[PDB]
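Undergrad: Can you keep this structure in mind? I'll have questions shortly.
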Amino acid sequence: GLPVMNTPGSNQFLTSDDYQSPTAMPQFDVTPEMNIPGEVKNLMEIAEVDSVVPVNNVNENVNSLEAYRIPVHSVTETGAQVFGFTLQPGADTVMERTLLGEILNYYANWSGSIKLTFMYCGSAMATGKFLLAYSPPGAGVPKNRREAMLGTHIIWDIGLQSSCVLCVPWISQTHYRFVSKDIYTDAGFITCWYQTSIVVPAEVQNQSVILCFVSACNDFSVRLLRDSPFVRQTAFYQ
Amino acid sequence: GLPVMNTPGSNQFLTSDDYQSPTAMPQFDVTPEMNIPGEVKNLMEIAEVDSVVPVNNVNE
Amino acid sequence: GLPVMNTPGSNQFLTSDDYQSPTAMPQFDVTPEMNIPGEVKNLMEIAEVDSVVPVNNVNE
Amino acid sequence: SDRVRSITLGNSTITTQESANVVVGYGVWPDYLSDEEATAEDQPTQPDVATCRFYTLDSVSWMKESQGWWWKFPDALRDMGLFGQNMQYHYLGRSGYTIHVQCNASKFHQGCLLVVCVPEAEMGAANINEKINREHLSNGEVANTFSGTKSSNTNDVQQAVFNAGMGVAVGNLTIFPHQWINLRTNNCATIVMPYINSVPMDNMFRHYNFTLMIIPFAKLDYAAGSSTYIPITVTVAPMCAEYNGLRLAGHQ
Amino acid sequence: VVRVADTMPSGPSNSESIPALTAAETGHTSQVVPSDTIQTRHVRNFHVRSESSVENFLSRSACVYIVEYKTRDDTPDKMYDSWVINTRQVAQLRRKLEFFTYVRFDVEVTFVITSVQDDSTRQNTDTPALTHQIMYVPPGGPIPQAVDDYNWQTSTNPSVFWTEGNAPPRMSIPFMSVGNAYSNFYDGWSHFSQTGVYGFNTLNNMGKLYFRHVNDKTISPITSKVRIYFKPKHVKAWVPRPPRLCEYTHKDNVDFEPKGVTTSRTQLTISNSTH
Amino acid sequence: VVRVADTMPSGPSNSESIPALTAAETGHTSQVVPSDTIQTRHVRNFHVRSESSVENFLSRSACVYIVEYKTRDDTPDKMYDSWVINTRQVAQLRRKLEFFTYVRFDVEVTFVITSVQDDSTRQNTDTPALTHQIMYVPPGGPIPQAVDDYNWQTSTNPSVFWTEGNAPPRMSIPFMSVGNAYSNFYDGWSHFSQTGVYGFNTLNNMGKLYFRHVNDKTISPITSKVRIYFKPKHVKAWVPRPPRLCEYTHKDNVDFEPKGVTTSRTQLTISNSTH
Amino acid sequence: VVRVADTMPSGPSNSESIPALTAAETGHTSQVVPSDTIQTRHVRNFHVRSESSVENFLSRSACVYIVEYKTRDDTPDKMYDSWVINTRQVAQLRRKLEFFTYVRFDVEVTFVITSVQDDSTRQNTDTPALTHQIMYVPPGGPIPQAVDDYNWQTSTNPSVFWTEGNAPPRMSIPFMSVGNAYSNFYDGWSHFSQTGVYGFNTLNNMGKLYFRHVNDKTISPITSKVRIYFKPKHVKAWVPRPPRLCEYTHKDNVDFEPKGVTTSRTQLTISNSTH
Amino acid sequence: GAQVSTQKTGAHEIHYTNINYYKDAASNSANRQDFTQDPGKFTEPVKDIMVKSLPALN
Amino acid sequence: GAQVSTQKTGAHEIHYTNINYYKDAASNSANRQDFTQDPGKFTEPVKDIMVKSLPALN
Amino acid sequence: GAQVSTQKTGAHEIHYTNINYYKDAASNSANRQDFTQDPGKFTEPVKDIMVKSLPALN
Ligand SMILES: CCCCCCCCCCCCC/C=C/[C@H](O)[C@H](N)CO
Ligand SMILES: CCCCCCCCCCCCC/C=C/[C@H](O)[C@H](N)CO
Ligand SMILES: CCCCCCCCCCCCC/C=C/[C@H](O)[C@H](N)CO
């Protein structure tokens, strides 16, 4: 017949093969196709939906619904820290099991901006202000409100519109970070401070609750497939 | 010769194969074809004929 | 299938091969390319630079 | 302003004055089944006034220690008029819905509900190798209740808020068509929900299409002189309901 | 060739426009770009959402089960093996499929067969090459009950024969569901009186595989272990849902023990101290 | 691309037209559509009678016989084997062919050969690879009577040689009948005086196969068992007939013991009781 | 088709032009042609700088490491092996890459696997063909800790399976860096306070390979030794630098002992005597 | 000498390539795409055909 | 019956050839070059859409 | 989808054929026929260039 020569890689099985193979059931009439609402063409469509962040994961608050509640109240002087975490969507314990953290934990590189949305769930007669700061690394963690307003921040006034958006800008050396932890691609710190206190009238509760949301912007990407570090089985599922 | 690479499924026998194979009798003169009444092109032609139903299949 | 015949040199590994092989990571998005000064296209660009000659290599 | 909304379906009308918006499914508005996606061959039944109208379920009481509630929804309307009768006489049903939830307070009360509408909420069991009775997955117009901790009742759903009965993170449960009832801005939450299934028509007793879930993230809280009793009322209206395969009444 | 969105330049602003103020109570995710809050430059961005599509995310071969059978035994049931087909006994491919509720895909099936000589007194043999047979039975067909049973003839059932040392066997399989999608979750019963079994176990109904050695009784036992690899291709997927927090228990139900939402921190505010 | 018939819509009727009243005494099957009796809607139906055609129904490989022979024996007849070619010793392919009276098809023949080391005292050998020979003899040719016989030369007869471990051997065979179709049933005699043999055994006359090992006497016995797979392709079929109720007995005749028409019910009317 | 420069003819000269007088203090290499100093003829030169380009100089397969593992042991860690991927443990490919500071290339990886029967009392066996598995783990993935560990499933990780006696396994690998080039040298620290590790060890981060036998515990030990061959193709290279005089010591740093600049002569002027 | 024809796909949502390699027509693959039928010789096998609305044995 | 299409290359700096060999569409390779999306049914799933500068719940 | 280009022959005394078979550009063979160069950035890397006959530091 035709003279041919075998190259290396012959008769192997690669998991990421893209070849053609014969059908075990020839001329099989496949059932017709139906329009079903909610078709997904990209996991990045899923990752752009807001979802609630468990910021209060502190020592057995995870076995309840109290892990989602950020406690806030009237203060004595001013200018204290409300909460704080590190911008690691997939390595930080705060946004680990969040939807962006799940999809990013099926990947190894990520890139693009991140929206943080904060909903005030207190009463209609209560007022307050906050400073929602982002600080790129190189220094450490800002230790007061004076060091926190030297970076990217926003003052949020609580009124009729009940939610604010801190859109974390993509500021990086490279084009991609790593999803797991390394010293080279460190991203910064999300922190929140009292601009003014929570002033409330009489016969109204003082202590209220902030909820937090996260999603990705329209310039977001993920690059390298891997297995998620969350799957741990020992035997089969008989 | 020509560099090629073998995929999985090589050198197997599937019952529903649809390949080409050489003839054991080359240039064999097949006998002519005759019009015979009652040619079937589909078993669904057969299944559309009425046939009697044994409804009274009761104990012998 | 197609009748073919294997030549000598089949199933060997030559160090100076120039063939095609499948990717272990399909559709991998390679990072963009940046203009960096001092691109080399030939070692003969390097060999045409003057460099100092140790003529006095005499006993330590 | 756009906070006032009025919805008319049949001889029933809802007027709200502190609405937020209306979420419509995955963008798709509920319509009838076309001839290209059809499977069955006979003429369907389209009542369109005696069926497509608002039905009001039971009100539930929201204390400071309330955890959540759920309703299965082709089954909570089993005994609701000619919708339930048309469920009882036909074999194949197909409809979309409009889910409106009422909860009111004053400007001195605080709290925040999450109203989710989850397709195919196949729930877990309290004891793992045990069979769940049907009275605990659904109870009709009577709500089932989540618990704060690990529940271990017999033949019952695993009732924990932080897993939503499905084994997932409850914070990630906003991928579904949802709204919030925040008591400082909102009064109600309207969700238009189309027909979602793997088959064009289905039986409305053997299958559970979706599950409404109302879970309070921010707990209810008020002062020592305010009103204590705060109800939560769910109202549902089928949309574009049609029926196929008429036979005698029953489910067995 | 579909790029991500460019970053457009902006300047100072002072007006009644409020992109950062919104209302998340309407179920709406805000479309806020970083050029709406801070001053940004012009960035021509060339990134492509390529390796995150539903085709590239699922189309990877995954081990679904291990099948073990021998070549000579005292009992005839240990000389052949069978497997009711599901994708829900290995947690990786199960959790990758359970991002969605309904799916529609063709399957690409690859078998990897290895044989090990069992421990015996007469290990010094010269065994000719073992040949294996993998028969697929569509739901309802007759079942072989021995290795020498006459139901192994494969007159109509699909089959594949593999000699030891070749490439792994591979065949393609079309979309085989009686409905319009493989239903990953079924919230419902099997009987119309709402009894029976609860879950997706009513809608499996995919058939089952069978494994034996085409060779006869050998004079020394050899244990074959064949691994089945599914590859979902030609993928469509609908109505997404959150990933599972909890560890699985069984294949037939969805039941669990409750798990905490995430890992604890033991504090709530970061600092430049030991964090 | 041939679809099934669409279902057309209908309304109420009151007239002297009677589609449901007919007469089955004329040998006529009524062409009644469901839109003739009840009110139907418009259904655009996309089903295709594709996997029910006579080509797709018969063109599947089926085991027709098992052939056994050895490599060293005391008697020379057990070192080779022969088979007179028919399709009527396995009931599945026989019952699939006997839907029709006459057929016309090309054949695709595949052999699957396996060897097993027989039990002996000297099993510790090192056997080189066995090579098998399958010779087809057209009707009338000379017959080999030993493994070393000189009629195994295959100067004119078709043959195939297979080394152990390769793919199964496959060759194509044209339509070989002296008439215009393979007669599945022959109602008639062999002699003109209406004696002799009665049935299709006069019209078989297809030749016969022969099997041996090309290797010589080995120092240990090995039993080869080769399985013949026919595949009817390029199929035409005429004058259908009902399937066989009764179990077969022999290959040469059509005889049987009488069998009941179907399974009994023990009652005649259904109910909501234990039925 | 790019030739070298032709040699042009010249004659006598007497003028104020000075091609031979220049100044090397400006960092400038003089462009003096032999037709500027002496009388030359016309030479039509057909030489091509073809086998000196950066593509032809680097695109050769080079052994980067040897990996050893066994098939039965008392300790489970000697039945499998692992290798953190670098190009800096063999001096030939390292010194060929370190002509430049930054490089950008696709990789072509070839494995050469050989097995040797270890010394034991029961060497008289009959071992079926060994099958090897090479799993690549991108940085961050889970690590197998035994040969029977369930992390060898390769649902998402790239893998390759090789049966003994075939061609060597070969796959292609794209440019995998998070920056714009593989940095051969990194002058800097890992921590922002200028502590940690100093050198290119921060920027390796390429993943690591894993090696085992797909077969189970055999009844005699066999030592496999697999050799990894990298081939850099599609090559771009920037900012060259002098070759290394000194012998290497380690893979992680660049440290050395001082070496003399060249070989000594013991005299400084040549002669027709014993030189 | 190549022939291009459509593949068996589903409805509501191809073009393989075939070259024959042997000198005989008995070597060709199976003709698995002939989907035509005519049940007019098994159903309706009568003289003086029936019009399905008439009493037909009127 | 060949089809020519571009390869996945990087930016700032092709044309493979494919022929289908089997009669069925379930034998074809994976469609790994469909990069389109539409998150308008998951984000922004509302009636009376919002204009991102208005108070929107004004 | 074939590409024809000349072979490496000697002077004073061809046309191979290449078809790419894989969907990725990292599978292609080595580009061993780019023979261009520019030593103007390593030799002559100066401002106010020199004219080789002038004293040049005159
Ligand atoms: C021997 C040749 C045929 C080989 C048969 C192997 C597998 C046959 C079944 C096709 C695979 C379908 C697997 C299940 C698909 C879906 O994921 C599940 N139904 C749940 O979604
Ligand atoms: C060794 C190479 C040639 C292999 C010869 C094998 C078989 C030769 C005979 C052709 C097969 C015809 C089998 C019988 C066909 C019809 O079904 C029967 N006559 C009854 O219908
Ligand atoms: C099992 C299939 C995949 C095989 C994986 C083998 C190697 C994977 C890594 C790609 C090779 C990159 C090697 C290093 C390249 C550069 O020279 C270094 N970063 C330093 O320049």
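Identifiers in this document derive from the order of the structure tokens: chains are assigned A, B, ..., residues are numbered from 1 separately in each chain, and ligands are numbered from 1 in order of occurrence.
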Please superimpose chain J upon chain H, fitting all C-alpha atoms matched one to one in order, and report the result as a CSV table (one decimal) with C-alpha atoms, in the first residue's frame.

TA:
chain,number,residue,atom,x,y,z
J,1,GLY,CA,-13.2,10.4,-7.3
J,2,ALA,CA,-14.7,11.5,-4.0
J,3,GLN,CA,-18.4,11.7,-3.2
J,4,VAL,CA,-19.8,14.1,-0.6
J,5,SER,CA,-23.2,13.4,1.2
J,6,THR,CA,-25.0,14.5,4.3
J,7,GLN,CA,-24.8,12.8,7.7
J,8,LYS,CA,-27.5,11.5,9.9
J,9,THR,CA,-28.2,14.4,12.3
J,10,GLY,CA,-31.2,15.2,14.5
J,11,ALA,CA,-34.0,17.7,14.0
J,12,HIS,CA,-34.4,21.3,15.2
J,13,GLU,CA,-30.6,21.9,15.2
J,14,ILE,CA,-22.2,17.0,8.4
J,15,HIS,CA,-21.0,16.3,4.8
J,16,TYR,CA,-18.8,13.2,5.2
J,17,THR,CA,-16.4,12.1,2.5
J,18,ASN,CA,-16.2,8.7,0.9
J,19,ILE,CA,-13.8,7.2,-1.6
J,20,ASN,CA,-14.1,3.6,-2.8
J,21,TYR,CA,-10.9,1.6,-2.8
J,22,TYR,CA,-11.6,-1.8,-4.4
J,23,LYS,CA,-12.4,-2.9,-7.9
J,24,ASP,CA,-15.6,-4.8,-6.9
J,25,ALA,CA,-19.0,-3.5,-5.8
J,26,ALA,CA,-19.2,-6.3,-3.2
J,27,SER,CA,-16.5,-4.5,-1.2
J,28,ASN,CA,-18.5,-1.3,-0.7
J,29,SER,CA,-20.0,-0.3,2.6
J,30,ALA,CA,-23.6,-0.8,3.6
J,31,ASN,CA,-26.3,1.5,2.0
J,32,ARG,CA,-27.7,2.6,5.4
J,33,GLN,CA,-29.4,5.8,4.1
J,34,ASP,CA,-32.3,4.5,1.9
J,35,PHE,CA,-35.4,5.5,4.0
J,36,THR,CA,-38.1,5.2,1.4
J,37,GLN,CA,-41.1,2.8,1.7
J,38,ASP,CA,-44.4,1.9,0.0
J,39,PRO,CA,-47.0,-0.1,2.0
J,40,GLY,CA,-49.5,0.0,-0.9
J,41,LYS,CA,-48.9,-3.7,-1.8
J,42,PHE,CA,-49.5,-5.0,1.7
J,43,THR,CA,-52.1,-2.5,2.9
J,44,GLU,CA,-54.6,-1.7,0.2
J,45,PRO,CA,-53.9,-4.8,-2.0
J,46,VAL,CA,-57.2,-4.7,-3.7
J,47,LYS,CA,-58.9,-4.1,-7.1
J,48,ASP,CA,-61.4,-1.2,-7.2
J,49,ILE,CA,-59.9,0.8,-4.4
J,50,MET,CA,-61.7,2.3,-1.4
J,51,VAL,CA,-62.2,6.0,-0.7
J,52,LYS,CA,-62.2,5.9,3.2
J,53,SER,CA,-65.3,8.0,3.6
J,54,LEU,CA,-67.7,6.0,1.5
J,55,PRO,CA,-69.3,3.0,3.1
J,56,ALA,CA,-67.0,0.9,0.9
J,57,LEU,CA,-68.9,-2.4,0.6
J,58,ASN,CA,-71.9,0.0,0.4

Undergrad: Quick one: everything within 10 Å of residue 6 in chain C, counting only C-alpha atoms, minus sequence neighbours fewer than 4 positions away in the same chain. Send it as a PDB file with N, CA and C atoms, in the first residue's frame.

TA:
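Okay, this is what ended up in out25.pdb:
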ATOM      1  N   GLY A   1       0.797  -1.212   0.000  1.00  0.00           N
ATOM      2  CA  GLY A   1       0.000   0.000   0.000  1.00  0.00           C
ATOM      3  C   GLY A   1       0.832   1.265   0.000  1.00  0.00           C
ATOM      4  N   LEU A   2       0.369   2.273   0.724  1.00  0.00           N
ATOM      5  CA  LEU A   2       1.031   3.571   0.801  1.00  0.00           C
ATOM      6  C   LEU A   2       2.121   3.544   1.864  1.00  0.00           C
ATOM      7  N   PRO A   3       3.353   3.927   1.530  1.00  0.00           N
ATOM      8  CA  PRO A   3       4.426   3.915   2.533  1.00  0.00           C
ATOM      9  C   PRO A   3       4.267   5.057   3.525  1.00  0.00           C
ATOM     10  N   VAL A   4       4.322   4.718   4.811  1.00  0.00           N
ATOM     11  CA  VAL A   4       4.070   5.655   5.895  1.00  0.00           C
ATOM     12  C   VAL A   4       5.105   5.377   6.981  1.00  0.00           C
ATOM     13  N   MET A   5       5.218   6.294   7.937  1.00  0.00           N
ATOM     14  CA  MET A   5       6.183   6.160   9.019  1.00  0.00           C
ATOM     15  C   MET A   5       5.571   6.674  10.312  1.00  0.00           C
ATOM     16  N   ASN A   6       5.679   5.877  11.375  1.00  0.00           N
ATOM     17  CA  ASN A   6       5.069   6.211  12.655  1.00  0.00           C
ATOM     18  C   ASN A   6       5.952   7.164  13.449  1.00  0.00           C
TER      19      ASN A   6
ATOM     20  N   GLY B   1       7.787   6.339   4.582  1.00  0.00           N
ATOM     21  CA  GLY B   1       6.552   6.732   3.932  1.00  0.00           C
ATOM     22  C   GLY B   1       5.889   7.931   4.576  1.00  0.00           C
ATOM     23  N   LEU B   2       4.566   7.912   4.633  1.00  0.00           N
ATOM     24  CA  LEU B   2       3.775   9.004   5.189  1.00  0.00           C
ATOM     25  C   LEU B   2       3.661   8.856   6.699  1.00  0.00           C
ATOM     26  N   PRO B   3       4.001   9.887   7.473  1.00  0.00           N
ATOM     27  CA  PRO B   3       3.900   9.777   8.934  1.00  0.00           C
ATOM     28  C   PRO B   3       2.450   9.824   9.393  1.00  0.00           C
TER      29      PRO B   3
ATOM     30  N   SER C  10      10.862   3.505  10.683  1.00  0.00           N
ATOM     31  CA  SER C  10       9.607   3.594  11.403  1.00  0.00           C
ATOM     32  C   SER C  10       9.823   3.297  12.877  1.00  0.00           C
ATOM     33  N   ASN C  11       9.052   3.998  13.715  1.00  0.00           N
ATOM     34  CA  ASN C  11       9.004   3.822  15.169  1.00  0.00           C
ATOM     35  C   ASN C  11      10.351   4.093  15.837  1.00  0.00           C
TER      36      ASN C  11
END

Undergrad: Residues within 7 Å of ligand 1, counting only C-alpha atoms and all ligand atoms: report them as number ranges by chain.

TA: A: 24; E: 85-87, 103, 107, 109, 134-136, 158-160, 171, 173, 182-184, 204, 206-207, 209

Undergrad: Just the selected residues (N, CA, C and O atoms), exported as a short mmCIF file (atom, residue, chain, number, x, y, z; two decimals), in the first residue's frame, please.

TA:
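To be explicit, this is the file written out as result_33.cif:
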data_model
loop_
_atom_site.label_atom_id
_atom_site.label_comp_id
_atom_site.auth_asym_id
_atom_site.auth_seq_id
_atom_site.Cartn_x
_atom_site.Cartn_y
_atom_site.Cartn_z
N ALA A 24 -20.73 3.22 18.06
CA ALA A 24 -21.18 1.88 18.41
C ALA A 24 -22.63 1.63 18.01
O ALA A 24 -23.07 0.48 18.02
N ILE E 85 -24.61 1.41 34.29
CA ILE E 85 -23.92 2.62 33.82
C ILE E 85 -24.48 3.85 34.52
O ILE E 85 -25.67 4.16 34.40
N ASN E 86 -23.62 4.55 35.26
CA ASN E 86 -23.92 5.88 35.76
C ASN E 86 -22.65 6.70 35.76
O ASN E 86 -21.55 6.19 35.52
N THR E 87 -22.79 7.99 36.04
CA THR E 87 -21.65 8.90 36.15
C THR E 87 -21.50 9.42 37.57
O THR E 87 -20.91 10.48 37.78
N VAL E 103 -28.44 18.53 30.62
CA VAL E 103 -27.31 18.50 29.70
C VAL E 103 -27.66 17.65 28.49
O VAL E 103 -28.53 16.77 28.54
N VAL E 107 -21.04 11.03 23.85
CA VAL E 107 -20.08 10.44 24.77
C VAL E 107 -18.99 9.75 23.94
O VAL E 107 -19.25 9.22 22.86
N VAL E 109 -16.08 6.93 24.71
CA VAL E 109 -15.78 5.96 25.77
C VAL E 109 -14.46 5.28 25.47
O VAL E 109 -14.25 4.76 24.36
N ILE E 134 -15.94 -6.64 25.70
CA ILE E 134 -16.78 -5.68 26.41
C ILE E 134 -18.09 -5.58 25.64
O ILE E 134 -18.14 -4.99 24.56
N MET E 135 -19.16 -6.15 26.20
CA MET E 135 -20.46 -6.13 25.56
C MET E 135 -21.37 -5.13 26.25
O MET E 135 -21.50 -5.14 27.48
N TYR E 136 -21.99 -4.26 25.46
CA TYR E 136 -22.99 -3.32 25.94
C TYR E 136 -24.38 -3.87 25.68
O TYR E 136 -24.68 -4.31 24.57
N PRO E 158 -24.00 -4.15 20.81
CA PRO E 158 -22.67 -3.64 20.47
C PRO E 158 -21.59 -4.28 21.32
O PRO E 158 -21.79 -4.60 22.49
N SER E 159 -20.42 -4.48 20.71
CA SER E 159 -19.32 -5.16 21.37
C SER E 159 -18.00 -4.59 20.88
O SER E 159 -17.94 -3.90 19.86
N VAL E 160 -16.93 -4.89 21.61
CA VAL E 160 -15.57 -4.52 21.21
C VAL E 160 -14.61 -5.58 21.73
O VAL E 160 -14.77 -6.10 22.84
N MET E 171 -14.75 4.13 21.27
CA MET E 171 -15.91 4.28 20.39
C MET E 171 -16.72 5.50 20.81
O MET E 171 -16.63 5.97 21.95
N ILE E 173 -20.49 7.50 21.14
CA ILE E 173 -21.88 7.18 21.49
C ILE E 173 -22.75 8.43 21.40
O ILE E 173 -22.41 9.46 21.99
N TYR E 182 -30.28 15.02 29.26
CA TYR E 182 -29.97 14.19 30.43
C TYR E 182 -30.28 14.99 31.68
O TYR E 182 -29.61 15.98 31.98
N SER E 183 -31.31 14.57 32.41
CA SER E 183 -31.72 15.27 33.62
C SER E 183 -30.77 14.88 34.74
O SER E 183 -30.76 13.73 35.19
N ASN E 184 -29.95 15.84 35.19
CA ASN E 184 -29.03 15.57 36.29
C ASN E 184 -29.77 15.45 37.61
O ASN E 184 -29.39 14.64 38.47
N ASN E 204 -32.30 7.05 35.25
CA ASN E 204 -31.00 6.56 34.79
C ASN E 204 -31.16 5.77 33.50
O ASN E 204 -30.93 6.32 32.42
N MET E 206 -29.92 3.39 31.46
CA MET E 206 -28.97 3.51 30.36
C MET E 206 -28.40 2.19 29.86
O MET E 206 -27.62 2.20 28.89
N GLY E 207 -28.74 1.06 30.46
CA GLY E 207 -28.11 -0.19 30.11
C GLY E 207 -26.95 -0.50 31.03
O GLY E 207 -26.69 0.21 32.01
N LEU E 209 -22.86 -2.72 31.18
CA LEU E 209 -21.73 -3.32 30.48
C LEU E 209 -21.39 -4.69 31.06
O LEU E 209 -21.75 -5.02 32.19
#

Undergrad: Please return as a VMD selection string: the residues of range 75-150 of chain F that backbone DSSP assigns to strand (DSSP E or B).

TA: chain F and resid 81 to 84 100 to 117 131 to 137

Undergrad: How far is it from CA of residue 156 in chain A to CA of residue 7 in chain E, in Å with one decimal?

TA: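 Taking CA of residue 156 in chain A and CA of residue 7 in chain E, their separation equals 24.2 Å.
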
Undergrad: Record the distance separating CA of residue 260 in chain F and CA of residue 44 in chain B, expressed in Å with one decimal.

TA: 26.3 Å

Undergrad: For range 238-246 of chain F, work out the shell of residues within 9 Å, counting only C-alpha atoms and skipping chain neighbours fewer than 6 positions away, then give it as a VMD selection string.

TA: (chain B and resid 36 to 41 46) or (chain F and resid 95 to 96 98 to 103 256 to 262)

Undergrad: What separation in Å, quoted to one decimal, exists between CA of residue 150 in chain F and atom 4 (C, counted along the ligand's line) of ligand 2?

TA: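 Pair CA of residue 150 in chain F / atom 4 (C, counted along the ligand's line) of ligand 2 returns 19.9 Å.
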
Undergrad: Show me which bits of chain D are within 6 Å of chain F, counting only C-alpha atoms, as number ranges by chain.

TA: D: 35-36, 42-43

Undergrad: For the selection you just gave me, I'd like the residues written to a file as an mmCIF file, in the first residue's frame, keeping C-alpha atoms.

TA:
data_model
loop_
_atom_site.group_PDB
_atom_site.id
_atom_site.type_symbol
_atom_site.label_atom_id
_atom_site.label_comp_id
_atom_site.auth_asym_id
_atom_site.auth_seq_id
_atom_site.Cartn_x
_atom_site.Cartn_y
_atom_site.Cartn_z
ATOM 1 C CA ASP D 35 -46.439 22.681 17.215
ATOM 2 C CA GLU D 36 -42.734 22.048 16.601
ATOM 3 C CA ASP D 42 -54.621 15.537 20.756
ATOM 4 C CA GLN D 43 -56.209 18.907 21.432
#

Undergrad: Can you tell me which residues surround range 159-174 of chain D at a distance of at most 9 Å, considering only C-alpha atoms, apart from same-chain residues fewer than 3 positions away, and format the answer as a ChimeraX atom specification?

TA: /A:49-54,62-65,68,97-99 /D:67-68,114,116,118,121-126,145-152,156,177-179,213,215 /E:27,241-247,254-262

Undergrad: Quick check for you: according to DSSP on this backbone, which residues of range 3-244 of chain D are classed as helix (DSSP H, G or I)? Reply as a PDB file with C-alpha atoms, in the first residue's frame.

TA:
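Final output, states_13.pdb:
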ATOM      1  CA  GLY D  81     -60.074  25.556  42.429  1.00  0.00           C
ATOM      2  CA  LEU D  82     -60.235  24.549  38.782  1.00  0.00           C
ATOM      3  CA  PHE D  83     -56.434  24.562  38.559  1.00  0.00           C
ATOM      4  CA  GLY D  84     -56.373  21.693  41.039  1.00  0.00           C
ATOM      5  CA  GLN D  85     -59.353  20.016  39.383  1.00  0.00           C
ATOM      6  CA  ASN D  86     -57.736  20.293  35.941  1.00  0.00           C
ATOM      7  CA  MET D  87     -54.649  18.765  37.541  1.00  0.00           C
ATOM      8  CA  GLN D  88     -56.793  15.901  38.822  1.00  0.00           C
ATOM      9  CA  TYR D  89     -58.509  15.076  35.525  1.00  0.00           C
ATOM     10  CA  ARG D 134     -44.137  12.844  50.970  1.00  0.00           C
ATOM     11  CA  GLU D 135     -45.682  14.798  53.862  1.00  0.00           C
ATOM     12  CA  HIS D 136     -42.297  16.395  54.644  1.00  0.00           C
ATOM     13  CA  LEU D 137     -41.188  17.414  51.147  1.00  0.00           C
ATOM     14  CA  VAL D 170     -26.831  29.023  50.960  1.00  0.00           C
ATOM     15  CA  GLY D 171     -24.971  32.194  49.955  1.00  0.00           C
ATOM     16  CA  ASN D 172     -24.446  30.804  46.439  1.00  0.00           C
TER      17      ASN D 172
END

Undergrad: Skipping near chain neighbours, those fewer than 4 positions away, what residues fall within 9 Å of residue 119 in chain D using only C-alpha atoms, listed as a PyMOL selection string?

TA: (chain D and resi 176+196-197+208-212) or (chain E and resi 101+187+239+241)

Undergrad: With a cut-off of 6 Å and counting only C-alpha atoms, select all residues of chain E in contact with chain A and give the selection as a PyMOL selection string.

TA: chain E and resi 4-5+20-23+29+34+49+52-54+60-61+89+167+171-173+180+237-239+250-251+260-261+263-272

Undergrad: Should the cut-off be 12 Å, what would the residue list for chain G against chain I look like, counting only C-alpha atoms, as a PyMOL selection string?

TA: chain G and resi 174-176+180+236

Undergrad: Select residues of chain B: the criterion is any atom within 12 Å of an atom of chain I, counting only C-alpha atoms; output as a list in words.

TA: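 Every residue meeting the condition is included here: residues 17, 18 and 19 of chain B.
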
Undergrad: Using only C-alpha atoms, determine which residues of chain E fall within 9 Å of chain B; present them as a count of residues only.

TA: 17
